[PDB]
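Coordinate inspection notes
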Amino acid sequence: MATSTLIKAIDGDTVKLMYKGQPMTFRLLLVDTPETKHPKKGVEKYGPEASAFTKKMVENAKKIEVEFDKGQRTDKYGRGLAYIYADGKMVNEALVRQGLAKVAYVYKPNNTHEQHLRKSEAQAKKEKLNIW
Amino acid sequence: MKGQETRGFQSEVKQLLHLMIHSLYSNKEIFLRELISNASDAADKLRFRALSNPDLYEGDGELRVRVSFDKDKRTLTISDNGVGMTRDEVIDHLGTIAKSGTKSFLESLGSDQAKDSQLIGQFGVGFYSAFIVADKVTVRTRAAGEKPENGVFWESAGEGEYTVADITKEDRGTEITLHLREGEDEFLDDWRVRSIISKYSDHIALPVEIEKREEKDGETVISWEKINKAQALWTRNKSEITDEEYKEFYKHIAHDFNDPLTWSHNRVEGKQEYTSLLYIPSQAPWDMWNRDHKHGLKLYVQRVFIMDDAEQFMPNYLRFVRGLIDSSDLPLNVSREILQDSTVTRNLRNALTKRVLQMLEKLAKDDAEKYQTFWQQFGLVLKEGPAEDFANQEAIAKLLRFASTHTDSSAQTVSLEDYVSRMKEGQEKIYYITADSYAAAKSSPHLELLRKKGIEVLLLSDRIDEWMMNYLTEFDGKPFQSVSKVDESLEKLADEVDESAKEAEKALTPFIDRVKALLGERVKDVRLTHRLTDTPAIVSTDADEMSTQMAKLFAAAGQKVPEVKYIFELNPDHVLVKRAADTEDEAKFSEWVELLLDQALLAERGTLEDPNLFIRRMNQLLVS
Amino acid sequence: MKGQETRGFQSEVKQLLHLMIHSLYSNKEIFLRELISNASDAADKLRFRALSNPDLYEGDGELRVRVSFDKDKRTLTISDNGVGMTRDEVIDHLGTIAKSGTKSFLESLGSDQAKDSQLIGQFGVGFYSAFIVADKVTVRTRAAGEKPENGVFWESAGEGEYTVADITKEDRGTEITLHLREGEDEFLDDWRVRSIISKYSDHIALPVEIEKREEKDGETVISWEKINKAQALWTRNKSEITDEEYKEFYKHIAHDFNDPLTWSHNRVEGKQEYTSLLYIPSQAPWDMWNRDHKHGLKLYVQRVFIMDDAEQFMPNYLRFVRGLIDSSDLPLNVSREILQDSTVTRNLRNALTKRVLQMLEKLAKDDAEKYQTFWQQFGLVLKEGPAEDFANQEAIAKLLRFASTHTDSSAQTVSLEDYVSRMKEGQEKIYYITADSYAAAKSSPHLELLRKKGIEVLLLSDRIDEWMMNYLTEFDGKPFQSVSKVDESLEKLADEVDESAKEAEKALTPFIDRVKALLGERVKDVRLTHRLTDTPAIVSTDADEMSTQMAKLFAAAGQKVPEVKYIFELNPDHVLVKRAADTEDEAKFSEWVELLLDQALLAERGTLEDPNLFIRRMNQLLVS
């Protein structure tokens, strides 16, 4: 098929000439007649675009290498002694035991109960009699 | 009356499940066909091994395969006097067709039973097809020359098991009594067996004789009359050979059963006298990128077999070729190391290289649909062609097929030839858009410009097409037009910009100042121009990637060049910059601005100053 | 080594270029420093040779340097009674400062000629400084034990060339005759030269005599007056040494001309006789990350030079500490092996390291300025400290400085003790964060959660820190904690991951199948891991860049390697992957998966293969 013009053109952003391989295989095919080397380049036109909407996203943070500021300082003094030699005595992995990191979170609970009853006694009194 | 109402069959992957598609063949008799094809390769092994030990004949020189038939028990008995099969060739192969664990390469290490895919390509086809019409297949074989008591009994009714037992047979070769099902009497009727045998036996050199039994009172005359022409397909006259006898001979010599798209039966005499008969498969072999052969040519010297699947007669670029070659001049004592080292086989395979060229070029002009099948199976292989031989790259470029804008399909139906017919008046330049990914070819904006002016484009979207691009700078005296840059040719011509007018630029001026002082000296300059596209930010460059390749350019400061810091340009109208302009808040203002920055840098470098600056802002606007 | 063929002009600042600029020093007489420097070390090398054979004194028991001046001829001749310089020690030394081809370590292997820069650090400064006051420099040496006939000649006018030849010099030692420039007669005046002798020689061990001759009519009186005290700085009274002598003697033994931050002159007398003299440099030496030596101290035994660059007395922890140690206790015939293994020399190194502790811990309180300069140049290597010795871990943690969210500066000034005061109520845990680059990590706004909570977090952007911290699990009772991530990914055992277990995996198995078939071979393997996190997906690595730097890790294919194709593991629980699983549409399904692919890939590579595709995705989904 061919869409009117010819070209089923689609989305666009930028362009690059592909390359990664040049030394490969051995040598054995047809014959000697070496001449197919003559390239060309050129560009002079720009067209419009039809992409304009607004959808909604789902808010959540992002992890990676992290460093930054706050604005705070204070100090101490005590201890001080040194003797080592880079060899492999305390060259090993571990890091951390257990910690907090309890900054903030949004907890959503849900639970329901109606339930009812009725029950009552009655007051039954006794008759009295008097005489002269 | 029948009434073919509805259809539907879609199945791919795994050789065995693809075998079951043409197992039926609309014939059934494909079983007898393939059975004798193994008896031909048994006759081949025999005549090779006879060069090392003539005792194999056992005195009896009559090498033939005989088909006898019975109505009472309902048994079709095919018995050749070939090499037969040893205890090894039965247990270590027929057992590996049954339950063992060949899988696709091997169950355990993926190497030991690697060389069973070649063996299933031949014997595996005849196995299941036999059991389609046979209730029981009893194979009673014996290796020629080798001791009669090491003869092998084999029995199966089609289950994943085999009853193997050592028996005695003084007769050499293989004797297979297929107990056919009641109803399969056709393969036991004389006239039917005549037509069936001849159809394939004519491609076979080995005389396929039949039980012509006359069962008359007293005169029960058993005679064996050959139904085949009894002549090897390469040495007999091409006039006597029909097109199907070629297609059928392929299935034998390729250890396969598919229909070949085309072939080339040429004889060449002189100093190097050979008779060549090459073919083109309709399938991509399993072992195409494996260290074992599924390509190759069966070596015959002076009509005698030496070795099968010998890829030593064919360059690695021409690995798509399948067939054989009978050299009458080559040594009969020849081996695979002689074929790899000796100059005679180098000149011989180069003499076969041209037979490939004619066969492909013909198929290209004759039937481009069959050549399209070839190309989508063997494209990557022929892509090495223009990348090695750039001398004849124009000639190979006629064979080269690329995907183009002519369709939005990934089908490489359009040729450089097709494009020559598609060429516009004055067009000396074939427009190329290159990418190592199909979706990256479809990420090209230059397409819309070609769409408006009406000129055709190649969508290069393959891995090894970039290797041929190092050489394929011209075809047919016509250079290519590479989309390598967008340039300042449109400098003062930037008026055709939808509605990005001075009204917007009055509101841009505070935005310009804020962005230039936000970024500072990590960018050369932030210029607000009117590039439309779907890209909200794009950069301008002076020289080679601004200045990332030259002498003076690195003589500016040395470290990455200061000038190299690209000119940060934005589209005021595009919704990304427009939504960035809606946000005056510094935290999110810098979120958008520095995002669009490292986006544009990523376009003109592929690498960033800070990947994490970008990836924070990118994924954050996607998520929050 | 046999070099040649190396044509590549790319050298700037690195050692030699930085030397020439400050070898001027605005001083000129800096030449006279380096001349006597070479004369002192020469006589001290003769002391070393004398230990190996006393006959190498050539009959001279009194080793000293004698400056003489010819006012008329304008030639200043500084001739020492040192070892001199052997023929090869002239050619492969002065010749490599003029014309040879040393590159940096060696143009060929990058190892053999690595002891060129050791010589250029001192004699290359002396070379340039000489030709500032001198038109012509003519060197005439004769080495110790080598006969007068094997005297050596070297000559240069300051060009990129030299004249080496064999002459006769009956005197042993070195003779540097500088023909001064026309007008430079300043350094021909006796009173001038003697003032410049005392100014430098005062901090130098070698007696420096001057030619005091009375050349009157008929009267050729000749005498020599030593202007120098003729005693070593280290062996002379500490209070008799001035600050300027320490600073300039640093420059001598450091093969440099910059000022030291601080020093410590000590002597230890009694059972073990050794004088110690340590200096803290202001600038990181070039050898800081290089395989040849300038780290360590100069070994002297009883005011006799044994070897320079002796890092046997100082660990890699204190490799930057440059100075010297003289011992009248240790043997004269002490070996480089004895320096490593001997207990007496272990007590040397142990006391010296503890003496640098006393210097550093003082310097923190003495000048936080100079200590902050120190840590930002030298603290990278010092940071091995705790993570080699667990016994003193707390006491090394008292010397350890890191960065923290105290300030957005990359200056690592804040100690752990600081953090202990800086801890809040119920903030028992030391919050830390390791990173690849400070600028990269700083671009993350996630830390604003800790900002408003009012917690401070340790900023770590070193190389070796991630290893060191593995033992730095606790300081002052306060245990360290990673806020890198924690969630339900393990919660009880595995599957407690919201609810993404077997029920999810019923839909995830055909999902993995689709993705791996979609990408074909673009990726190694794709999994659905249940690491909840706030990131959509992550790629995993085997070694460096996955496999783009090792033997087997290149010997797989030979191109960019199949191993280097990253392992793509997504979280099926994440809302973006919920939407990617909700997508049945082919183009959008693949687009979501490949988005998270090139997302994680760009996080681990800093580079994309085809950027435009991934950019077009974010452009389209954000423009909508």
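Residues numbered from 1 in each chain as written, not as in the entry; some residues may be left out. Chains lettered and ligands numbered in written order. Heavy atoms only, no water.

- In the PDB archive, solution NMR is given as the structure determination method for this entry.

Things to note about the overall build of chain B
- Secondary structure summary: chain B contains 19 helices and 22 strands in total.
- Dimensions of chain B along its principal axes, counting C-alpha atoms only, are 120 × 55 × 55 Å.
- Out of the 624 residues in chain B, the part that is buried amounts to 54%.
- In chain B, 68% of the contacts between residues at least 6 apart in sequence involve partners at least 24 apart.
- Accessible surface for chain B amounts to roughly 28700 Å². Of this, 47% is attributable to carbon and sulfur atoms.
- Counting 83 positive and 111 negative side-chain charges, chain B places the averaged centre of each group 1 Å from the other. (Helix = DSSP H or I, 4+ residues; strand = E, 2+ residues; numbered from the N terminus. Buried < 20%, exposed > 50% of the residue type's maximum accessible area, 1.4 Å probe, protein only. Contact = heavy atoms within 4.5 Å. Areas by Shrake-Rupley, 256 points an atom, 1.4 Å probe, with all protein chains shown as cover. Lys, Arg positive; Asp, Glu negative; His and termini not counted. Charge placed at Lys NZ, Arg CZ, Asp CG, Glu CD.)

Remarks on the interface of chain A and chain B
- Across the contact, 58 residues belong to chain A and 87 residues belong to chain B.
- When the two sides are added together, the surface that chain A and chain B hide from each other amounts to roughly 6900 Å², 59% of it contributed by carbon and sulfur.
- Contact with chain B buries area across many residues of chain A, yet A:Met18, A:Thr36 and A:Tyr46 alone supply 13% of it, more than any other trio.
- Joining chain A to chain B, the criterion identifies four salt bridges.
- Across the salt bridge formed by B:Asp436 and A:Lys20, the nearest N and O atoms sit 2.8 Å from each other. (Buried area = accessible area lost by both parts, 1.4 Å probe. Salt bridge = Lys/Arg side-chain N within 4 Å of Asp/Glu carboxyl O.)

Here we look at the interface of chain C and chain B
- Between chain C and chain B, the contact holds 27 residues from the first and 31 residues from the second.
- Summing the contributions of chain C and of chain B, the shared interface buries around 2500 Å²; its carbon and sulfur component is 64%.
- A per-residue breakdown of the area chain C buries against chain B is headed by C:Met618, C:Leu622 and C:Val623, which together make up 24% of the total.
- Linking chain C to chain B there are zero salt bridges.
- Taken together, the connections running from chain C to chain B amount to 10 residue pairs in polar contact.
- Put simply, the parts of the chain that give the side of chain C that touches chain B at least two residues each are α13 (438–442), α18 (586–605) and α19 (611–623) of chain C.
- The greatest single-element share of the side of chain C that touches chain B, amounting to 12 residues, is contributed by α19(C).
- A class-by-class count of the residues in the side of chain C that touches chain B yields 15 nonpolar, nine polar and three charged. (Polar contact = N/O pair within 3.5 Å; in protein donor to acceptor, adjacent residues only side chain to side chain. Nonpolar A, V, L, I, M, F, W, Y, C, P; charged D, E, K, R; others polar.)

Brief notes about the domain arrangement of chain B
Residues and elements named next belong to chain B.
- Each assigned domain of chain B is listed here: domain 1 (15–229), domain 2 (230–400), domain 3 (401–490) and domain 4 (491–624).
- Distance between the C-alpha centres of domain 1 and domain 2: 28 Å.
- At the interface, 35 residues of domain 1 touch 28 residues of domain 2.
- Between domain 1 and domain 2, the buried area comes to about 2800 Å², and carbon and sulfur atoms account for 55% of it. (Domains from an automatic or database assignment.)

What about the UniProt feature "binding site: Ca(2+)" in chain A?
- As recorded in UniProt, the sites labelled "binding site: Ca(2+)" are A:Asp13, A:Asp32 and A:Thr33. In sequence the annotated residues extend across 21 residues, and in space they extend as well, their farthest C-alpha pair lying 42.3 Å apart.
- Its location among the elements puts A:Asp13 in the segment before β1 (40–41).
- Aside from chain neighbours lying at most four places away, what touches A:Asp13 is B:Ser443, B:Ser444, B:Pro445, B:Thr533, B:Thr535, C:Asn612, C:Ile615, C:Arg616 and C:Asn619.
- Secondary-structure assignment places A:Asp32 in the segment before β1. (UniProt positions renumbered as here; feature names shortened; annotations may be inferred.)

Things to note about the nonpolar core
- Membership of the largest hydrophobic core comes to 74 residues, with the highest contact counts inside it found for B:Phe313, B:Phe320, B:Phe374, B:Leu382 and B:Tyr432.
- It is helix α8 (residues 343–366) of chain B that contributes the most residues to this core, eight residues altogether.
- A domain-level breakdown of this core finds at least three residues from each of domain 2 (230–400) and domain 3 (401–490) of chain B.
- Membership of the second largest hydrophobic core comes to 70 residues, among which are C:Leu261, C:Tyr317, C:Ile325 and C:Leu357. (Core = buried A, V, L, I, M, F, W, Y, C linked by side-chain atoms within 4.5 Å.)

Overview of the UniProt feature "active site" in chain A
- Under the local residue numbering, the UniProt record ascribes the feature "active site" to A:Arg27, A:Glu35 and A:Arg79. Taken together, the annotated residues stretch across 53 residues and extend over separate regions, lying up to 79.0 Å apart by C-alpha.
- Looking at where A:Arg27 falls in the secondary structure, it is placed in the segment before β1.
- The residues touching A:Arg27, leaving out its near neighbours within four places in the chain, are B:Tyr317, B:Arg346, B:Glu388 and B:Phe390.
- For A:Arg27, the side chain forms a polar contact with the side chain of B:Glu388, separated by 3.3 Å.
- Position of A:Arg79 among the secondary structure elements: in the segment after β1.
- Residue classification places A:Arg79 among the partly exposed residues on the basis of a relative accessible area of 40%.
- With residues up to four places along the chain from it excluded, the contact list for A:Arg79 reads C:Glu394, C:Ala395, C:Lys398, C:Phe475 and C:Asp476.

Overview of α18(C)
Residues and elements named next belong to chain C.
- Counted at 1.5 Å a residue, the expected span for α18 with its 20 residues is 28 Å, and the 28 Å between its end C-alpha atoms agrees.
- Of all the 20 residues making up α18, 14 are buried; the element is thus mostly covered by neighbouring parts of the structure.
- Phi turns positive, to about 70°, at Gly606, one or two residues after α18. (Expected span 1.5 Å × (residues − 1).)

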